[PDB]
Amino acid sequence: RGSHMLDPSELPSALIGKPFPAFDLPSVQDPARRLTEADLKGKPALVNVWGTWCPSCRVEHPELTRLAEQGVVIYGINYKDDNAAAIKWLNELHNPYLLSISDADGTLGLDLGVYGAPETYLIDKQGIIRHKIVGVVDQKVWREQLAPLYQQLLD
């Protein structure tokens, strides 16, 4: 395999200081209920990109719950997934997400620079992106890579 370069939008630094991309998408649990980027505003928060196709996302789930238990607001982007399967996941396991955005065609992921899962965006209360983690967030990642910035956004 020859070299393959990710495009600039997929770099963790790409959307730093930029507003969360605009979108109008159905919620996972109710397709008649519509969500937009305005629903992400108000509190500093994580935006976690996940899919039922994603074994790493299954593994990350207990950590996301652990953060939610400590009052961390987490919104979920269900990316290019089976909706029925996604609803099951949100039922069978312990939903840490305050909102579950159905991004079935990946157009929101497209604007975010998403190229798999899990990926986690830290946003401020204005919905401006402040950090991006590619791959599983564990205690260590949270403690070192997110926690310090998240604390600043609360203050």
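One rule holds for the numbers: they count along the sequence shown, beginning at 1.
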Averaging the C-alpha temperature factors as deposited, the higher value of 8 to 16 versus 140 to 148 falls on 140 to 148
Comparing mean C-alpha B factor in the record for 112 to 120 and 27 to 35, the higher one is 27 to 35
Looking at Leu93, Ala45, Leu99, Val49, which has the biggest Cα B factor in the entry? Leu93
Per the entry's values, where does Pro62 land by CA temperature factor relative to the rest of its chain, in the lowest, middle or highest third? middle
Just say lowest, middle or highest third for the CA B-factor of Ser56 relative to the other modelled residues in its chain. lowest
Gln126 CA temperature factor, ranked by third within the chain: highest
